[PDB]
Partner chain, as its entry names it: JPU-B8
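Presented as structure tokens, the chain that follows is alone, the form solved without its partner chain.
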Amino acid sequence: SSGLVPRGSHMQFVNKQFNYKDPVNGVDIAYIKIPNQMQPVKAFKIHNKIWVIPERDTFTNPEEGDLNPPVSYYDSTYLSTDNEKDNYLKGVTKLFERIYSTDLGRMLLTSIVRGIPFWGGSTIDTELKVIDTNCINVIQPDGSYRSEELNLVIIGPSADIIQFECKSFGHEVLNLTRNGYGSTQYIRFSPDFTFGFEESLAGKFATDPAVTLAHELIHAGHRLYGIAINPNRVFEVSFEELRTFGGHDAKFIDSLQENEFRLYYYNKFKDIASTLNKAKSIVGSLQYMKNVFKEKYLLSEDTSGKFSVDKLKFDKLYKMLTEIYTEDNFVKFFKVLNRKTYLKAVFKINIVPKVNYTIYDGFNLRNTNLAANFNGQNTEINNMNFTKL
């Protein structure tokens, strides 16, 4: 048993208890294509605007179409059988429910779903138009395609199994992750591996994969609202990573440059409001899309129907995405052990069985010897759950 529904009748964020063998529909189980050409891959729609592709990522980058070698870890056989892909799907499902079981996760995932990428694709500055790279192509049961917008795709890692990241497709001129528009995010991630860190409550503990996924989700939050920090602002560690980790590592960032960041994206949101005001037509109703992006960016509307940015609602949204949504704060909500700074070993894991890992407790199963002193995360005490590689 997987323990996917510890309380209630159904999962509270994921829409369905999928099995990889579940037959394809055209709605939430579908063969899909990423806009490059590729052969369709089977995907699962776990939530509004969120899809999961239980495949090794040989699609995102044209230069990473190979799963062989040129701390990293390589294994071309990982995630090549249906049993593995089913376990991947159930593991990702489990972590989303674990994140959504905390108040902070419900806030974060709500923000992610609301952060629809902006319709800034038209070359005519009075027309709203989608950007095709923020969509996937969904195969319908009768063989026809359908273009569907989405915010987030969870896909398996590429050649380097343990290289997780949050990446998205770019624009020839627009910097969608830095101008407030946002773009569909692709998270390379695996629930079947994790990293080990040392701590002296000389114990060798393992990172909780729900923390790692939340870290990537925070990046997606930044990038869906187009308020990411330019990756060239570094320390070598990008400020974007320090902000995501949070805690006292976030304090390394120049406070006054952050106030500079805040004003830079305040003005970007204002330009988005202006574009919404100038919009007279839509390709693909106009007012509805105008209200979609009123909701996302929390814009105010006067008696005239004119949109504008309220400084207080911007600060609240901005502060939520950059200060509150952090790895450090998720560590506190989960009550797990974690490394204290953004900067040893790699372990194979299986979180799907309820007896190995639960939505509420992770590895530290309550009413067991694993409940105390993070013994569940101790790779020696709980050796049954960790195979060193």
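Numbering follows the first chain given and starts at 1.
Another form exists, solved in complex with its partner chain; not displayed. Remarks below refer to it.
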Distance check, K270 to its partner chain in the entry with it bound, heavy atom within 4.5 Å: no
Interface membership of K280, its partner chain in the entry with it bound, 4.5 Å heavy atom rule: no
In the entry with it bound, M107 touching its partner chain (heavy atom, 4.5 Å): yes
Its partner chain contact at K316 in the entry with it bound, heavy atom, 4.5 Å: yes
Partner contacts in the entry with it bound for 305-330 (non-hydrogen atom within 4.5 angstroms of its partner chain): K311, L312, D315, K316, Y318, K319, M320, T322, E323, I324, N329
